[PDB]
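Below: one structure, written as structure tokens.
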Amino acid sequence: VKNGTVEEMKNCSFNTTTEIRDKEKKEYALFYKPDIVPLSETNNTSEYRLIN
Amino acid sequence: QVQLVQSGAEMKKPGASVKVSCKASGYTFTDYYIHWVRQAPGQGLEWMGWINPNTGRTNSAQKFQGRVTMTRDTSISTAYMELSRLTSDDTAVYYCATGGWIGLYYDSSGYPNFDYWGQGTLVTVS
Amino acid sequence: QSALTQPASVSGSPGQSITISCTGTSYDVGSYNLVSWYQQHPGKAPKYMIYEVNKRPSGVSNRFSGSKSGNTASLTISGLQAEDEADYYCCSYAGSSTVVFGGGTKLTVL
Amino acid sequence: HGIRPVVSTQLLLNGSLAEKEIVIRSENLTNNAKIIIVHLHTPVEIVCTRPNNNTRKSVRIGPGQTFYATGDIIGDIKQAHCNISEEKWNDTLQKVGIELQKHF
Ligand SMILES: *[C@@H]1O[C@H](CO)[C@@H](O[C@@H]2O[C@H](CO)[C@@H](O[C@@H]3O[C@H](CO[C@H]4O[C@H](CO[C@H]5O[C@H](CO)[C@@H](O)[C@H](O)[C@@H]5O)[C@@H](O)[C@H](O[C@H]5O[C@H](CO)[C@@H](O)[C@H](O)[C@@H]5O)[C@@H]4O)[C@@H](O)[C@H](O[C@H]4O[C@H](CO)[C@@H](O)[C@H](O)[C@@H]4O[C@H]4O[C@H](CO)[C@@H](O)[C@H](O)[C@@H]4O[C@H]4O[C@H](CO)[C@@H](O)[C@H](O)[C@@H]4O)[C@@H]3O)[C@H](O)[C@H]2NC(C)=O)[C@H](O)[C@H]1NC(C)=O
Ligand SMILES: *[C@@H]1O[C@H](CO)[C@@H](O[C@@H]2O[C@H](CO)[C@@H](O[C@@H]3O[C@H](CO[C@H]4O[C@H](CO)[C@@H](O)[C@H](O)[C@@H]4O)[C@@H](O)[C@H](O[C@H]4O[C@H](CO)[C@@H](O)[C@H](O)[C@@H]4O[C@H]4O[C@H](CO)[C@@H](O)[C@H](O)[C@@H]4O)[C@@H]3O)[C@H](O)[C@H]2NC(C)=O)[C@H](O)[C@H]1NC(C)=O
Ligand SMILES: *[C@@H]1O[C@H](CO)[C@@H](O[C@@H]2O[C@H](CO)[C@@H](O[C@@H]3O[C@H](CO)[C@@H](O)[C@H](O[C@H]4O[C@H](CO)[C@@H](O)[C@H](O)[C@@H]4O[C@H]4O[C@H](CO)[C@@H](O)[C@H](O)[C@@H]4O)[C@@H]3O)[C@H](O)[C@H]2NC(C)=O)[C@H](O)[C@H]1NC(C)=O
């Protein structure tokens, strides 16, 4: 949370529908912080949603 | 003015691990990069890695990044080499050195500006 | 092996000029001015002589200078001296936030 | 004229110069809301960058509708910034001051 002291961007990962309709895979993609919002006030602040 | 102390030589068997240290002196440990180059005895030089000591960041080489887990700590004012799965080829003298000036608004790690270099110490393996 | 190629050795009598050449590719040394030179007299650790093709640190006289052209670069050694019997190493920025060292060449005073 | 349609929120970019002098204008200076545009006599050079050096990943969402995203970051992290030559900025701001005094 602090060892950067410069705008490093988060490293989130999610599930995307692949070319098949009912097959899935785990995939990762970076996003700058203003695009991402936390999903709940719970102590588990490790689940995020796009700002849209 | 500036000098870099390094941990002494040691012996290891193949497949082992080594953790060489590099302690600073004569300059602010933050405001310069820290560097490592490898020299097998009687052979040419080679590059290992970079560290921005103000962070945990590393740029380490493609061939050795899997083999290298170098780190640092500001309290000891020291940057630590680390090696694993150590083969017979790795027998060499490891020189610690100071890189370009670091701050905001640009990245100097590419610059091979090695103003100062350390004692250098030998790892032996066979 | 090194990406960057150097000859084995060169030699000459004192008072004569000598030059050495690096040679890389269009990428790596060919695309940037970030090339540097380092000397290793025997036993001891290497020494810092040139950075950014043609700039000097303190303690390096005007005997030494460098040049770049294409995928190659060079060192200038004007007026060889007796204490010069040492190796010289090339090293330059290889892109991708990585530095590469050449095998260097041995200079021998006659 | 070949109007540049460039979007910008808080300073105009690459616009046309004022030919002879700094000029000031507003629908009704008496009220704050009506923005007091200014059209400068000389340009102020502005430069920006973002030296992180990102890299593009590809992901194959659905039937062949590819989606792009920032992959790994080969390099070292640095701040994204904009630069202006300070003395020129202070000079042009002061001259806008004198023209504001011509209106105030
Ligand atoms: C947008 O705007 C921003 C600004 O907001 C721009 O950001 C700036 O960009 C420039 C360009 O990249 C950066 O310049 C570099 O700065 C570094 C660092 O310099 C600072 O720190 C030095 C160290 O400070 C410490 O020591 C001083 C005492 O010296 C002490 O008082 C202090 O408290 C601290 O403890 C300062 O010395 C230095 O100030 C000096 O130099 C200034 C410039 O000459 C001068 O204005 C000052 O008045 C003062 O004289 C400054 O505060 C520099 O190191 C770097 O210059 C080196 O590297 C370039 C390559 O990038 C090279 O061409 C130069 O020749 C120079 O190389 C020498 O130094 C290297 C290490 O510093 C060394 O590796 C070289 O071998 C060489 O070595 C020298 O010493 C050896 C002995 O050690 C000797 O043998 C040699 O012969 C030689 O003498 C650049 O100047 C700015 O830093 C940066 N701003 C900030 C805040 O970071 C941005 O660029 C803009 N955006 C765009 C897109 O343009
Ligand atoms: C954001 O966070 C995500 C996590 O959600 C993170 O992704 C993970 O990154 C790590 C590091 O890059 C990945 O680790 C690798 O895992 C593979 C596993 O292999 C199996 O699965 C993959 C995935 O499909 C298949 O491609 C593969 O065929 C296997 O089925 C390991 O094999 C990797 O090991 C090698 O690389 C390591 C890198 O350090 C070495 O340490 C290790 O010793 C191995 O090296 C050897 O193999 C290399 C070739 O692979 C070779 O080049 C070397 O020379 C050496 O011989 C590696 O551990 C992990 O898989 C990622 N997770 C997912 C789901 O993909 C992101 O990295 C993070 N964002 C950023 C920017 O870091
Ligand atoms: C920002 O990030 C980008 C990443 O997207 C960085 O761009 C990459 O830069 C690297 C380095 O320039 C570049 O890699 C080279 O691409 C060349 C082709 O254009 C390759 O030929 C070269 O490969 C060498 O090694 C291979 C394996 O050994 C060989 O198969 C190949 O023939 C090359 O080998 C020759 O050269 C090497 C030395 O390079 C030598 O040792 C060999 O003996 C032989 O002579 C490189 O892979 C990437 O292609 C760039 N990325 C992209 C997408 O183009 C960019 O540098 C970053 N920004 C900054 C400022 O660093």
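Heads up: the protein sequence lines correspond to chains P, Z, E and G, in order.
Numbering-wise, the first sequence is residues 59 to 110 according to the numbering used here.
Numbering-wise, the second sequence is residues 27 to 152 according to the numbering used here.
Numbering-wise, the third sequence is residues 2 to 111 according to the numbering used here.
Numbering-wise, the fourth sequence is residues 929 to 1032 according to the numbering used here.
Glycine is no exception: its CB is placed at the ideal position from the N, C-alpha and C atoms.
No heavy atom of ligand 3 is found nearer than 6 angstroms to the CB of G/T977. Taking 7 angstroms as the cut-off between beta carbons, the residues of the stretch 137-151 of chain Z near chain E are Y137, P138, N139, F140, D141, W143 and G146, in sequence order. Identification of residues in the stretch 48-72 of chain Z having a C-beta nearer than 8 angstroms to some C-beta of chain E yields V63, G70, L71 and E72, given in sequence order. P/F89 is bridged by DSSP to P/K68. For E/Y94, the Cβ stays outside the 6 angstroms cut-off from all heavy atoms of ligand 3. When Cβ-Cβ separations below 7 angstroms define contact, Z/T81 makes contact with chain P. By the CB criterion at 7 angstroms, E/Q7 and E/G103 fall inside the cutoff.
At a C-beta separation below 9 angstroms, G/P979 has these neighbours in chain Z: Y131, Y132 and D133. Interface criterion met: the Cβ of G/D1004 is under 7 angstroms from a Cβ in chain Z. Distances from the alpha-carbon of Z/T113 to those of Z/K39, Z/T124 and Z/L130 put Z/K39 closest. Legend: CB atoms of the stretch 94-125 of chain Z lying less than 7 angstroms from CB atoms of chain E belong to residues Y121. For G/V987, a Cβ of chain P is located within less than 7 angstroms of the residue's own Cβ. Taking a C-beta distance under 7 angstroms as the contact criterion, E/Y89 and E/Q40 qualify as a contact pair. No heavy atom of ligand 3 is found nearer than 6 angstroms to the CB of G/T998. At least one heavy atom of ligand 2 falls within 6 angstroms of the beta-carbon of Z/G92.
Considered as a whole, the stretch 112-139 of chain Z harbours 118-127 as its complete beta strand (DSSP E) runs of no fewer than 3 residues, in chain order. Here Z/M107 is not bridged, per DSSP, to any residue.
Annotation: the stretch 985-1029 of chain G contains the following complete segments of the beta strand (DSSP E) (minimum length 3 residues), in chain order: 993-998 and 1009-1012.
The distance from the Cβ of Z/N78 to that of G/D1000 is about 17 angstroms, inconsistent with a contact at the 8 angstroms cut-off.
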